[PDB]
Amino acid sequence: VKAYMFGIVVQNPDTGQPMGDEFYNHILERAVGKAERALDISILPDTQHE
Amino acid sequence: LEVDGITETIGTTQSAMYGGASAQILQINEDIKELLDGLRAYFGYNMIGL
Amino acid sequence: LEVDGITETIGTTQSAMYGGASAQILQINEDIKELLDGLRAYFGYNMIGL
Amino acid sequence: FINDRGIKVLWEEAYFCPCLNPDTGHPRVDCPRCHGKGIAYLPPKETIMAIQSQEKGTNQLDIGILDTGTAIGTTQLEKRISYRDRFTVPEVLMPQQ
Amino acid sequence: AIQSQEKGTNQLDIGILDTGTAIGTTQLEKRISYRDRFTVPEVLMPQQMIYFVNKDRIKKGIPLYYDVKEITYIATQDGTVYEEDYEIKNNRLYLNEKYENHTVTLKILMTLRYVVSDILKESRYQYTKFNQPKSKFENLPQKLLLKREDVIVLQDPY
Amino acid sequence: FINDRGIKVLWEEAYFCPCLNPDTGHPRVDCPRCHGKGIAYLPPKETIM
Ligand SMILES: [Zn+2]
Ligand SMILES: [Zn+2]
Ligand SMILES: [Zn+2]
Ligand SMILES: [Zn+2]
């Protein structure tokens with residue numbers, strides 16, 4: 052993600068601390084869920100019983 | 253506000269039409285629309301036989 | 253801000269209508285739309301026989 | 050607005066020192082309460098003041114050099130500053146030789 | 099940054115003098131002090147000189163009033179003086195003894211120079227907090243009044 | 050901009066005339082190279098000012 056924002060930093064103006072990677076991972080996992088619903092597909096491997 | 257030649261001036265995101273958080277709410281509504289479309293594809297259309 | 257012969261004026265991309273990252277989000281939405289059209293051509297239309 | 054724009058200063062209030070000579074009317078030069086100035090000062094008070102036009106005002110004289118520089122200050126609300134009251138600005142250091 | 103660079107010519111019974119003045123804005127976080135000296139190596143100023151040349155000045159060399167960086171014109175009653183017939187060393191002018199009873203006239207260039215005469219804004223301040231862990235005090239640019247170094251003239255620092 | 054707005058002038062450069070009296074320091078009033086002014090002038094140069 053950060054590569055696509057080369058030359059930017061996301062930083063709390065009251066403390067100068069950069070945003071933690073936990074938020075990036077959380078957002079990525081939800082973005083994968085969104086992609087798996089915009090298209091009627093299963094991206095990540097899982098065992099299905101039908 | 254100006255005192256003794258020191259000048260401080262603000263234009264804020266508030267306006268006679270738009271509230272301070274207008275833009276963020278508009279973006280959130282766009283995200284909600286995408287999410288709802290996806291989830292209303294996951295759950296089906298309701299139907300009943302008369 | 254004007255203080256003791258130093259003056260600064262800034263106009264930001266924020267506005268009463270648009271948030272600071274409106275432009276980037278709009279471009280990203282265009283890219284998403286192109287990608288989704290392509291991927292919905294790669295995977296087919298869903299169909300079922302009643 | 051004033052708290053944003055002003056610098057922190059220590060304010061101490063003037064009064065005439067009771068060491069003045071009862072006849073000549075001049076200060077005692079050895080007075081410990083005032084170091085030869087006729088004016089004694091109360092304990093310092095923390096305040097914020099906005100200051101402008103901070104000029105050094107160098108003078109070169111037959112007696113030697115002297116500084117007569119002047120500045121303009123805007124006080125906080127609800128204060129009654131009095132003549133020869135004294136301010137110091139602990140953040141700001143000036144070079145001398 | 100320098101503004102209002104005035105020459106300030108004066109014409110007096112003692113002779114000519116320059117009292118010109120300029121206004122300077124410093125960089126951040128500097129505490130300029132009285133009679134501090136500046137030179138501007140990029141900027142060359144024209145000046146003029148004339149000397150009567152005598153046996154002492156031939157043997158000892160003429161001590162020049164200005165810190166000559168280079169000569170643009172040199173002449174005498176007999177005409178132009180060619181570069182084999184003069185030399186400058188240590189801000190002394192040496193001449194061929196041919197000229198033992200002549201007067202030499204020069205046009206010269208020298209570097210611009212200033213001394214701090216007065217400080218018009220010795221303090222400007224800002225507490226900066228935005229994107230800092232805690233408030234940081236910073237000293238903004240000073241405004242200097244600069245006076246030209248005519249009366250006492252010193253070499254360039256190098 | 051300067052070439053559009055300025056008038057054409059002849060510029061000639063000052064230097065002290067070597068006719069100055071070696072004692073009194075004043076110009077010779079009969080000097081042909083400078084007509085009693087202490088200042089001689091180099092040949093003119095065309096410029097716009
Ligand atoms: Zn159902
Ligand atoms: Zn299918
Ligand atoms: Zn006393
Ligand atoms: Zn002459």
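Chains A, B, C, D, E and F, in that order, are what the protein sequence lines are. So for the first sequence, UniProt numbering puts the first residue at 52; every next one is plus one. So for the second sequence, UniProt numbering puts the first residue at 253; every next one is plus one. So for the third sequence, UniProt numbering puts the first residue at 253; every next one is plus one. So for the fourth sequence, UniProt numbering puts the first residue at 50; every next one is plus one. So for the fifth sequence, UniProt numbering puts the first residue at 99; every next one is plus one. So for the sixth sequence, UniProt numbering puts the first residue at 50; every next one is plus one. All C-beta atoms in this analysis are idealised placements derived from N, C-alpha and C, irrespective of residue type, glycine included.
Return yes when the C-beta of residue i is under 7 Å from any heavy atom of ligand 2, and no when it is not.
i	result
residue 296 of chain C	yes
Just checking: is the beta-carbon of residue i within a distance shorter than 8 Å of some beta-carbon in chain B?
i	result
residue 301 of chain C	no
residue 82 of chain A	no
residue 82 of chain D	no
residue 54 of chain A	no
residue 276 of chain C	no
At least one CB of chain C closer than 8 Å to the CB of residue i: is that the case?
i	result
residue 79 of chain A	no
residue 238 of chain E	yes
residue 297 of chain B	no
residue 129 of chain E	no
residue 155 of chain E	no
For residue i, tell me which candidate among the options has the shortest Cα-Cα distance.
i	options	result
residue 101 of chain E	E:253, E:243, E:161	E:243
residue 168 of chain E	E:156, E:176, E:181	E:181
residue 142 of chain D	E:254, E:152, E:236	E:236
residue 71 of chain F	E:127, E:241, E:248, E:199	E:199
residue 125 of chain E	E:220, E:171, E:251	E:220
residue 95 of chain D	D:78, D:128, D:59, D:130	D:59
residue 217 of chain E	E:116, E:194, E:129	E:129
Mapping DSSP to helix, strand and coil, what is residue i?
i	result
residue 75 of chain D	coil
residue 56 of chain A	helix
residue 105 of chain D	coil
residue 262 of chain C	coil
residue 52 of chain D	helix
residue 213 of chain E	strand
residue 292 of chain C	helix
residue 84 of chain A	helix
residue 72 of chain A	helix
residue 189 of chain E	coil
residue 116 of chain E	strand
residue 237 of chain E	strand
residue 133 of chain D	coil
residue 268 of chain C	coil
residue 285 of chain B	helix
residue 337 of chain C	Nothing about residue 337 of chain C can be reported from this structure: the residues present for chain C run from 253 to 302 only.
Any chance the CB of residue i is under 7 Å from a heavy atom of ligand 3?
i	result
residue 77 of chain D	yes
residue 89 of chain D	yes
residue 222 of chain E	no
residue 135 of chain D	no
With 8 Å set as the bound, which would you pick, yes or no: does the beta-carbon of residue i sit closer than that to a beta-carbon of chain F?
i	result
residue 205 of chain E	yes
Closer than 8 Å, CB to CB, is residue i near chain E or not?
i	result
residue 64 of chain F	yes
residue 69 of chain A	no
residue 67 of chain F	yes
residue 98 of chain D	no
residue 125 of chain D	no
residue 117 of chain D	no
residue 258 of chain C	yes
residue 98 of chain A	no
residue 144 of chain D	yes
Examine chain D for any beta-carbon lying closer than 8 Å to the beta-carbon of residue i, and answer yes or no.
i	result
residue 289 of chain B	no
residue 218 of chain E	yes
residue 233 of chain E	no
residue 286 of chain B	no
residue 223 of chain E	yes
residue 132 of chain E	yes
Is residue i near ligand 4, going by C-beta to nearest heavy atom under 7 Å?
i	result
residue 82 of chain F	yes
Is the shortest distance between the beta-carbon of residue i and the beta-carbons of chain A less than 8 Å?
i	result
residue 281 of chain C	no
residue 293 of chain B	yes
residue 230 of chain E	yes
Nearest chain H C-beta to residue i closer than 8 Å, yes or no?
i	result
residue 92 of chain A	The structure shown contains no chain H; its protein chains are A, B, C, D, E and F.
Original post:
Is the number of C-beta pairs between the region 289-297 of chain C and the region 89-97 of chain A that are closer than 8 Å three or more?
Top reply: Taking 8 Å as the limit for Cβ pairs, the verdict is that the region 89-97 of chain A does touch the region 289-297 of chain C.
Original post:
How do the region 92-109 of chain D and the region 120-129 of chain D stand: do at least 3 beta-carbon pairs fall below 8 Å, yes or no?
Top reply: A contact exists between the region 92-109 of chain D and the region 120-129 of chain D.
Original post:
Quick one: any contact between the region 203-214 of chain E and the region 226-233 of chain E, if contact means 3 or more CB pairs under 8 Å?
Top reply: The region 203-214 of chain E vs the region 226-233 of chain E: no contact.
Original post:
Touching or not, the region 210-227 of chain E and the region 135-153 of chain E, by the rule of three or more beta carbon pairs under 8 Å?
Top reply: With a cut-off of 8 Å, the region 135-153 of chain E and the region 210-227 of chain E count as touching, because enough Cβ pairs lie within range.
Subject >> Any 3 or more C-beta pairs closer than 8 Å across the region 218-225 of chain E and the region 175-191 of chain E >> reply: Proximity of the region 218-225 of chain E to the region 175-191 of chain E falls short of the contact definition, fewer than three beta-carbon pairs being nearer than 8 Å.
Original post:
When the Cβ atoms of the region 62-75 of chain F are set against those of the region 143-153 of chain E, are three or more pairs found closer than 8 Å?
Top reply: Judged by Cβ distances under 8 Å, the region 62-75 of chain F makes contact with the region 143-153 of chain E, as three or more pairs qualify.
Subject >> Three CB pairs or more closer than 8 Å across the region 263-280 of chain B and the region 265-282 of chain C >> reply: The answer is yes - the region 265-282 of chain C touches the region 263-280 of chain B, with three or more Cβ pairs under 8 Å.
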